[PDB]
Amino acid sequence: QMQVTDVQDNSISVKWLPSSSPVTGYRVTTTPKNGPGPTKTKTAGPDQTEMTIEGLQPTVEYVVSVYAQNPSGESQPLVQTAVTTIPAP
């Protein structure tokens, strides 16, 4: 379960349900679904389950992936969704 909290022209805000298993942190990945360009990564601690991703392009569809880190150090895919930025004003 993941919710998109806000979509702007250059940013996306998301919030995800906490991991069921023990978790030492999260990794959030943001990537253009179709059209090439760079992938953004940001990490959070286990008590942050929301994030705003900035520096995005307008009218681009992005995949947002959340990975959960367990104590062994493994990073496991938790939830992902596609979000499209709205156009510039």
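Values below: every heavy atom of this structure, side chains too, minus hydrogens, waters and symmetry copies. All residue numbers in this chain count up from 1 along the given sequence.
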CA sep, side-chain torsions, deciding dist, call: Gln57, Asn10, side chain to side chain contact (heavy atoms under 4.5 Å, CB included): CA-CA 5 Å; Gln57 295 297 68; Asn10 49 22; over 6 Å; no
Would you say the side chains of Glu54 and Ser11 form a donor-acceptor pair under 3.5 Å? no
Step by step, work out the side chain to side chain contact (heavy atoms under 4.5 Å, CB included) result for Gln80 and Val63. CA-CA 7 Å; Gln80 71 166 68; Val63 183; 3.8 Å; yes
How about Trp16 and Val28: do any of their side-chain heavy atoms sit closer than 4.5 Å? yes
Hey, what do you get for CD1 (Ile53) to CD (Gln8), rounding to the nearest 0.5 Å? 11.5 Å
Close side-chain approach of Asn70 to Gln76, heavy-atom, < 4.5 Å: yes
Assess the side chains of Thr52 and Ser13: does a donor N or O sit below 3.5 Å from an acceptor N or O? yes
Tell me whether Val79 shares a hydrophobic cluster with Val4, the cluster being built from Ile, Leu, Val, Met, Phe, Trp, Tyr side chains joined at under 4.5 Å. yes
With a 4.5 Å cut-off on side-chain heavy atoms, are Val83 and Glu61 touching? no
Can you measure from OG1 (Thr81) to CD (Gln3) and round to the nearest 0.5 angstrom? 11.0 Å
So, taking the atom named OG1 in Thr24 and the one named CD in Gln69, what distance separates them when rounded to the nearest 0.5 Å? 3.5 Å
Taking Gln48 for its side chain and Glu50 for its backbone only, find out whether a donor-acceptor pair lies under 3.5 Å. yes
Taking side chain as C-beta onward, heavy atoms only, is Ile12 less than 4.5 Å from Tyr62? yes
In this structure, OH of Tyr67 is separated from CG of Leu78 (nearest 0.5 Å) by 11.0 Å
Given side chains that start at C-beta, do those of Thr30 and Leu56 come closer than 4.5 Å, heavy atoms only? yes
Verify side chain to side chain contact (heavy atoms under 4.5 Å, CB included) between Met51 and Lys42, making sure each step is shown before the conclusion. CA-CA 9 Å; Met51 188 175 283; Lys42 199 182 292 160; 4.1 Å; yes
Considering all heavy atoms, the nearest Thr85-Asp9 contact: CB-O, 3.7 Å
Under a plain distance cut-off of 3.5 Å, with no hydrogens placed, do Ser75 and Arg27 share a side-chain donor-acceptor pair? yes
Correct closest heavy-atom pair for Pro58 and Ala88 would be CB-N, 4.1 Å
All heavy atoms of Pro38 vs all of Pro32, minimum pair found to be O-CD, 3.3 Å
Here the pair of heavy atoms bringing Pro87 nearest to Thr59 is CG-CG2, 3.5 Å
Taking every heavy atom of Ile86 against every heavy atom of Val7, the minimum-distance pair comes out as CD1-O, 3.6 Å
Sequence neighbours excluded, which residues qualify as side-chain hydrogen bond (donor to acceptor under 3.5 Å, both in side chains) partners of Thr31? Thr39
